[PDB]
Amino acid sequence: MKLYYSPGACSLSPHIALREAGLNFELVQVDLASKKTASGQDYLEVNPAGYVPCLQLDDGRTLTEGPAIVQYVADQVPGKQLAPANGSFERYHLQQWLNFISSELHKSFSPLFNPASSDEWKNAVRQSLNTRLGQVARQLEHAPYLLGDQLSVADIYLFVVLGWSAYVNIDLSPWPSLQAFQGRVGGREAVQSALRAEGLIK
């Protein structure tokens, strides 16, 4: 199982999930600049959309889109409840959160990270991110995790997006519950191993 990734990108979510699940995997760095995998092969042959993450099973099948990959990873180790059982209400609830993070949070940072982005665009999204983040913050005051007391891949995904905040000057102090969450998820060794592994910390 190979994970095409880039240090610090959204691919850190499935990365952490892989460590949390304890599967067999290999991190394959993709040059987002040149679009070549570690082997210097054209990544677009793997993901024509050109982005990461991308999971590649040893048999050759690939899977893209963070939310899809982390659910596949989770379903490999049901014992470690990183996703409610399929068919159960909480599974659709997990899928609800995963999409929310993807559509309503992740994509709202993308314009910030891009220089070409006009301020009259980078601001139109910061406002939104403020609104969305407040919603998440309130969800995290109730219980420790998104789905309650049980951690899921949604939390890992969210944890990752919350990490870019600092890079784009987004303050999370307004929401203490978000900070308590970050310290709570970042406190897991799988999480620390991934940060260390991506050269993000240490």
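Note that residue numbering begins at 1 and tracks the sequence as displayed.
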Quick one: higher average CA temperature factor, 140 to 148 or 62 to 70?
-> 140 to 148
Higher-scoring stretch by recorded Cα B factor average, 183 to 191 or 10 to 18 = 183 to 191
Criterion, highest CA B-factor; candidates, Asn114, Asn86, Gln76, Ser103 = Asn114
Of the choices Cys54, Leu57, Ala38, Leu158, which one's C-alpha carries the largest B-factor in the record?
-> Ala38
Cα B factor band for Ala154 (lowest, middle or highest third within the chain) = lowest
Entry-reported C-alpha B-factor of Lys107 relative to its chain, by third, is middle
Would you check the entry's CA temperature factor for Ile201 and let me know if it's in the chain's lowest, middle or highest third?
-> highest
If you rank the chain by CA B-factor, which third does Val125 end up in: lowest, middle or highest?
-> highest
